[PDB]
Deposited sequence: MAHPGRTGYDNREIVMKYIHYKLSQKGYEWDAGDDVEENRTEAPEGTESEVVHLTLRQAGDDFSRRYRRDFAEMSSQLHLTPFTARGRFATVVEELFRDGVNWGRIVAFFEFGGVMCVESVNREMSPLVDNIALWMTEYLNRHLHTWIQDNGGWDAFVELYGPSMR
């Protein structure tokens, strides 16, 4: 599994499902899990999208701050879905505010975070195959 491909497909999904412009079972499962997360956590989304103040200079710090807090008490599959959903929220708020070049930077930051911070937990917990076994078709 390629974390970059996982990230790229997810962001492309988040943007196109909202009218913006920019192995398959893993992508499909993540789409379903993330759509479920956004239906169940609507109030957390509205608060994040409204409170999140972004500029090309502070975007990485904003991303890093939220993601550290999300994973502070440990990693679980639910928290990883929330990480992709948070990444999607940043991408949508970046396009909304005409800072669209930030989308490519967010994809890079999400890819590095998966490869350097989440990779250990993912493999120790069965890999993406285990996520598909728990929540997929």
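Enquirer: List the gaps, meaning deposited-sequence segments with no CA coordinates, ordered along the sequence.
Expert: Missing CA coords at 1 to 8, 31 to 48, 164 to 166.
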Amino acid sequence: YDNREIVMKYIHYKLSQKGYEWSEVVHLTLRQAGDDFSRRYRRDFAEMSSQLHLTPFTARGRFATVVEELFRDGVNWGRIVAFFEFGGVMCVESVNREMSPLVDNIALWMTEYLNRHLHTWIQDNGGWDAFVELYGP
From here on, numbers count along this sequence of modelled residues.
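Enquirer: Please compare 86 to 94 with 47 to 55 and say which has the higher mean C-alpha temperature factor in the record.
Expert: Stretch with the greater average CA B-factor: 47 to 55.
Enquirer: Of the two stretches 96 to 104 and 77 to 85, which shows the higher Cα B-factor on average in the entry?
Expert: The stretch with the larger mean CA B-factor is 96 to 104.
Enquirer: Taking only the Cα B-factors deposited for this chain, tell me whether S23 sits in the lowest, middle or highest third.
Expert: Tercile = highest for this residue's CA B-factor.
Enquirer: Would you please rank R62 by its C-alpha temperature factor against the other modelled residues of its chain and give the third it falls in: lowest, middle or highest?
Expert: It belongs to the lowest third of the chain when residues are ordered by C-alpha B-factor.
Enquirer: Sorting by Cα B-factor within the chain, modelled residues only, which third would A130 end up in: lowest, middle or highest?
Expert: Its C-alpha B-factor, which the entry lists for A130, ranks in the middle third among residues of this chain.
Enquirer: Based on the entry's values, in what third of the chain does the Cα temperature factor of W109 lie: lowest, middle or highest?
Expert: Tercile = lowest for this residue's CA B-factor.
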